[PDB]
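[1] As a preliminary step, the opening chains of the complex are given here in situ:
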Amino acid sequence: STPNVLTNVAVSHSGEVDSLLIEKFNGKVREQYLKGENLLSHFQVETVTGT
């Protein structure tokens, strides 16, 4: 009626590891969304080197 003995391949015979699957990676990495305001452009900014 029912098989009841499945030839499952994802189960390790020894039992050391939970699963034999490899956990594929989709190729996406995320950082924050912060963006530069660029606010110093308005002001006059001189460079001081000697003093």
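    Cool, got the structure. Numbering: from 1, shown residues only, chains lettered A, B, ... in the order given.

[2] quick one: contacts for the spatially most central residue of chain A?
    Central residue of chain A (Cα atoms, centre = their mean): residue A:29, 4.2 Å from the mean position. For residue A:29, no residue counts as a contact, taking Cβ atoms under 8 Å, 6 or more residues apart in numbering as the criterion. The C-beta positions use only the backbone N, C-alpha and C, and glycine is treated the same way.

[3] so where does it fall, helix or strand?
    Under the criterion DSSP states H and E, no helix or strand holds residue A:29.

[4] For it, give its distance to residue A:2.
    With distances taken as Cβ to Cβ, to the nearest Å, residue A:29 is found 45 Å from residue A:2.

[5] do residue A:11 as well
    With distances taken as Cβ to Cβ, residue A:11 is found 19 Å from residue A:2.

[6] Let's add chain B too:
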Amino acid sequence: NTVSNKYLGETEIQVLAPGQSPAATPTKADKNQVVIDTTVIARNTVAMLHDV
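    Adding chain B to what we have so far:
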């Protein structure tokens, strides 16, 4: 003298474990009918002499 119609219902969904046959779910049905039993008329008579 009558006209009928039928309506069908839902079907249920359920989880399955691998390697088994899940139980079925029934679907109900019903009917609706209309009858026709009465007629209406309007009649008028005109005499020949009164018509001419």
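
[7] Spatially, what comes nearest to whatever residue of chain A ends up closest to chain B if we skip its sequence neighbours?
    Proximity of chain A to chain B (Cβ to the nearest Cβ) peaks at residue A:3, 5.1 Å away. The spatial neighbour of residue A:3 that comes closest, neighbours along the chain excluded (Cβ to Cβ, 6 or more residues apart in numbering or on different chains), is residue B:19 at 5.1 Å.

[8] Was I right to think that neighbour contacts residue A:8?
    No: counting by Cβ atoms under 8 Å, residue A:8 is not a contact partner of residue B:19; they are 9.6 Å apart.

[9] These two: which has the busier surroundings?
    The neighbour comparison of residue B:19 against residue A:8 (other Cβ atoms under 10 Å in any protein chain shown) goes to residue B:19, with 11 against 8.
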